[PDB]
**Student:** 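Right, I'll just put the structure down here and ask away after.
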Amino acid sequence: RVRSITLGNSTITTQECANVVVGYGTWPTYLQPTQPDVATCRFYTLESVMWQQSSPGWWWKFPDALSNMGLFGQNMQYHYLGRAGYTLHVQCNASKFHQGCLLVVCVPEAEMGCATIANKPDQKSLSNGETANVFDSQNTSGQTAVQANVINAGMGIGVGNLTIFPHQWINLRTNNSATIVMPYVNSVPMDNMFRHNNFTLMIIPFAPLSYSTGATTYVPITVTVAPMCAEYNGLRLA
Amino acid sequence: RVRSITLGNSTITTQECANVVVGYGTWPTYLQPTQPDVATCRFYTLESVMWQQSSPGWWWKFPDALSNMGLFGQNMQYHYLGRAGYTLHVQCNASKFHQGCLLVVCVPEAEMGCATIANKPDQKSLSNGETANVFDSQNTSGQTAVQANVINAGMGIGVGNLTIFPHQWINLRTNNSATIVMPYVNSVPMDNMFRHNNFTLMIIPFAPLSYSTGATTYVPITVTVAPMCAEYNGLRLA
Amino acid sequence: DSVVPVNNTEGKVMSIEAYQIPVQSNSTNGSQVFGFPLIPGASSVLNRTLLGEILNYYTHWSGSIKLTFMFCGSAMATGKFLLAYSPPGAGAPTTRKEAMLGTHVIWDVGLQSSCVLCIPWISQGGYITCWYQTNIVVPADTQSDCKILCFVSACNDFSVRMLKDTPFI
Amino acid sequence: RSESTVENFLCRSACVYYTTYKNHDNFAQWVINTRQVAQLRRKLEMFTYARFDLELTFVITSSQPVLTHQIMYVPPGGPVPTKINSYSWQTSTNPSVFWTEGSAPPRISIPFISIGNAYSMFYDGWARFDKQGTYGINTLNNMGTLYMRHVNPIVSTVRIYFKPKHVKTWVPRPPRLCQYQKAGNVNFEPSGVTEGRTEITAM
């Protein structure tokens with residue numbers, strides 16, 4: 001019924017009945033000498049976020065989200081060129097007296113618009129590393145701010161069409177988790193992990209959280225990330 | 001899923017998935033002519049006790065606990081020498097909105113200390129027959145009283161080490177029952193059941209009972225006892 | 001296995017409460033729940049357990065130990081804890097993130113009522129800490145907090161070498 | 001389902017650029033760009049990556065003996081005219097066509113030319129992380145530039161017709177909801193998902 005998964009020196013627990021979404025039907029694989037690194041294939045658990053009846057949604061940019069994360073974060077600095085796939089585990093802690101529904105979606109090349117049309121968004125507004133950015137329910141206003149109104153997913157599209165990207169729904173009535181496997185996707189086989197975010201993870205409520213009186217007023221959402229088949233440019237003589 | 005067990009003229013219901021602890025890995029067996037008696041092999045259900053958020057624990061001494069119990073109680077008086085093993089079924093009635101945890105342990109030769117160091121405890125303070133004695137949360141004071149402070153299990157040991165004796169834990173989160181099979185244990189093959197208590201059953205909370213508002217304020221605990229392989233000295237000419 | 005008096009603070013040592021690690025359902029996220037020096041023959045937490053008592057009769061000993069953590073909240077309670085182990089000489093994590101980057105297990109009480117660790121090394125130190133990854137989510141407003149019980153025993157073939165008087169008389 | 005294929009959806013001619021120049025700074029230019037026409041841009045942006053060859057046809061007219069025009073293509077990284085008589089007009093690595101009025105319009109084919117394995121429609125990154133003004137610029141999408149001049153007072157008008165060929169695309173995206181604001185970015189005015197109705201029920 002319950003499965004224990006160990007990678008490196010870290011262990012997490014998932015359910016055996018949980019479904020797995022493999023984006024684009026493709027599993028991550030290995031690919032001017034290139035050096036693989038398996039020392040980083042462990043689970044990195046991000047600080048959880050709290051889901052309130054009024055939460056508009058959250059997002060993370062991945063190569064950046066793990067930039068401070070130990071050895072993975074170090075390989076990004078010692079090597080200049082590289083690639084990796086990821087497994088993303090998203091779980092909610094809720095009782096049978098809670099209701100609500102989330103869309104958990106991974107979006108490739110999620111270029112985002114600016115609150116001011118004449119400008120481009122700043123680096124921090126686009127990503128705060130391991131700290132989640134928050135979608136707005138209203139229109140965003142600022143000079144370098146990301147236009148975060150959730151209705152357009154910050155991209156100028158309708159939010160209900162994000163289902164075109166690898167995703168899973170979490171309906172607290174039936175499931176409290178999602179697993180997404182994201183293959184490396186780019187126009188080039190390897191890139192500079194500090195100048196480009198391969199994908200963005202977005203968690204957007206479509207059915208507001210609510211609960212019976214006396215129940216806990218919020219639901220924790222945890223995101224755990226496990227890199228796969230990471231590869232970097234070699235650092236030695238030929 | 002649910003099992004009906006009938007002994008003699010009495011029936012109880014237990015779960016098929018319930019675990020059974022066989023003390024010391026030994027099942028009770030039969031052993032100057034000696035006469036077996038199967039007429040007493042029935043279930044004797046003791047008056048239940050109520051578990052409150054502040055309950056310190058309960059205990060029973062066995063040969064004595066069943067001394068008023070019909071025929072078993074009579075064989076103890078008609079015969080002078082004998083032996084028996086026991087199956088003890090301990091069950092709790094609680095909802096999914098209750099929490100707490102009990103240690104159910106059977107302790108051989110549980111000689112208990114007196115509240116006054118200079119004295120020895122009286123017979124009633126040691127056992128009240130089928131009525132449970134209660135452990136204290138404070139130090140006991142009296143001249144013939146049993147030192148019942150639960151922290152030392154009334155024996156001068158730390159209570160957390162009682163797990164060395166045959167036992168089972170009841171965590172209301174996962175189970176509401178325990179079954180312990182106790183073989184006859186002594187220095188002699190048969191003894192006088194009115195001058196010696198082979199073992200004491202102790203039920204000690206390690207996690208206080210608590211519950212959601214509106215839920216029943218207490219949890220009933222029922223102890224059911226079934227003697228096995230009872231044997232007594234013969235009462236006839238050779 | 002015997003129950004470990006983890007909450008052996010002044011005023012708790014004289015009660016059964018010494019064994020009960022409190023869990024505050026609405027505590028600050030990322031705060032420490034509990035933790036201790038992992039030394040069976042010296043730490044006040046472990047030296048009176050069945051394992052701890054036996055080892056106090058020997059001058060030298062070594063082996064691995066097993067630690068079991070059991071959650072005793074309501075059936076409908078859910079949430080996560082981070083159980084982290086700090087190897088000998090590594091000190092102890094100061095934050096949840098630091099603990100997360102070392103060796104650990106995420107314990108989701110909604111799936112597993114208990115979690116078991118086996119320390120590769122215990123000798124005549126390292127640390128165990130537990131962090132509040134999430135709060136504890138319940139369906140109803142309860143009267144009190146939740147408790148965790150901790151148990152300890154020898155894990156593998158454990159060795160002792162020279163007999164001595166116990167230090168407890 | 002033939003009209004639904006990627007090739008039938010995208011392999012269609014469009015007028016992408018209109019300009020005038022005179023025979024008396026008097027030259028025209030166009031950077032090849034797939035974000036100049038809203039209908040072309042919206043169809044291409046339903047994908048994240050693409051590869052295609054480009055067919056370019058030039059409709060050239062003029063008004064006040066035989067006029068000859070030169071159309072020059074400068075590949076990414078090639079020399080660029082700043083003046084009508086710049087040396088770059090004669091570079092051998094900048095292909096050009098010499099055409100006279102009265103014949104069929106000029107047509108040339110430019111192959112896929114990125115050094116990446118696909119052109120990207122979107123880029124969640126910076127050309128340089130030290131300059132925040134470079135967000136969204138993928139230099140691998142440089143398709144080259146066209147320059148146009150008379151060979152030797154008249155006014156010429158040029159219409160450039162663009163047609164993708166042998167088109168392959170990857171990673172489909174939602175169609176844009178918002179109207180386009182600028183060609184150099186994805187900025188938008190927050191917009192509602194659909195047109196409204198008066199009540200949730202039928203009739």
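Letters go in sequence order (proteins before strands), and every chain restarts at 1.
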**Student:** Pairs in or reaching into residues 69-83 of chain C: which pass side chain to side chain donor-acceptor pair (under 3.5 Å), with residues at least two apart or in two chains?
**Tutor:**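 Only A:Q91-C:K80, A:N93-C:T78 qualify under side chain to side chain donor-acceptor pair (under 3.5 Å).
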**Student:** Search all heavy atoms of A:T13 against all heavy atoms of C:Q112 and return the closest pair with its distance.
**Tutor:**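 Reported closest heavy-atom pair: OG1-OE1, 2.8 Å.
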**Student:** Can you tell me if A:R1 uses its side chain to pair, donor with acceptor, with the backbone of C:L111 under 3.5 Å?
**Tutor:**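 Not a single qualifying donor-acceptor pair exists.
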**Student:** What part of A:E47 gets within 4.5 angstrom of chain C, counting heavy atoms only: side chain, backbone, both, or neither?
**Tutor:**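 Both parts, backbone and side chain.
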**Student:** Within the supplied structure, the quantity of interest is the number of heavy atoms (other residues, nucleotides, ligands) at a distance under 6.0 Å from C:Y57 OH; does it exceed 12?
**Tutor:**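 Count not over threshold, so no.
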**Student:** Check for a donor-acceptor pair, side chain of A:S95 on one end and backbone N or O of C:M76 on the other, with a separation under 3.5 Å.
**Tutor:**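 No; zero donor-acceptor contacts below 3.5 Å.
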**Student:** Quick one: which residue pairs count as a ring-ring contact (aromatic ring centres under 6.0 Å, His included) with a foot in residues 17-48 of chain C, not counting sequence neighbours?
**Tutor:**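 Applying ring-ring contact (aromatic ring centres under 6.0 Å, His included) to every pair that reaches into residues 17-48 of chain C, excluding sequence neighbours, yields B:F206-C:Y19, C:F34-C:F69.
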**Student:** For A:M69, is it the side chain, the backbone, both or neither that has a heavy atom under 4.5 Å from a heavy atom of chain C?
**Tutor:**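 The answer is both parts of A:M69.
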**Student:** Looking at A:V2, A:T45, A:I12, which has the largest count of heavy-atom pairs under 4.5 Å with chain C?
**Tutor:**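 Top count of heavy-atom pairs under 4.5 Å with chain C: A:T45.
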**Student:** Within a radius of less than 6.0 Å around OH of A:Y30, do more than 12 heavy atoms belonging to other residues, nucleotides or ligands occur?
**Tutor:**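 Atom OH in A:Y30 is crowded, with more than 12 foreign heavy atoms closer than 6.0 Å.
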**Student:** Report, by ascending residue number, the residues of residues 119-141 of chain C in heavy-atom contact with chain A at a distance under 4.5 Å; give 'none' if the set is empty.
**Tutor:**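 Result: C:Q133, C:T134, C:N135, C:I136, C:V137, C:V138, C:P139, C:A140, C:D141.
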**Student:** Give a yes or no on whether A:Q74 atom CD has more than 12 heavy-atom contacts from other residues, nucleotides or ligands under 6.0 Å away.
**Tutor:**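 More than 12 within 6.0 Å, yes.
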**Student:** Say you draw a straight line from CG of A:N68 to NZ of C:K97; how long is it, rounded to the nearest 0.5 Å?
**Tutor:**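 It is 4.5 Å, given to the nearest 0.5 Å.
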**Student:** Could you grab the distance from atom OG of A:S10 to atom CG of C:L101, nearest 0.5 Å is fine?
**Tutor:**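 One gets 10.0 Å once the value is rounded to the nearest 0.5 Å.
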**Student:** So which part of A:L71 gets closer than 4.5 Å to some heavy atom of chain C, the side chain, the backbone, both or neither?
**Tutor:**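 Answer is neither: A:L71 stays 4.5 Å or more from chain C.
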**Student:** Report, as yes or no, whether the 6.0 Å neighbourhood of atom CZ on A:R173 holds more than 12 heavy atoms from other residues, nucleotides or ligands.
**Tutor:**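 No - once you tally the heavy atoms of other residues, nucleotides and ligands closer than 6.0 Å, there are 12 at most.
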**Student:** So which bits of residues 207-226 of chain A come within less than 4.5 Å of chain C, counting non-hydrogen atoms only?
**Tutor:**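 From residues 207-226 of chain A, the residues near chain C are A:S212, A:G214, A:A215, A:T216, A:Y218, A:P220, A:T222.
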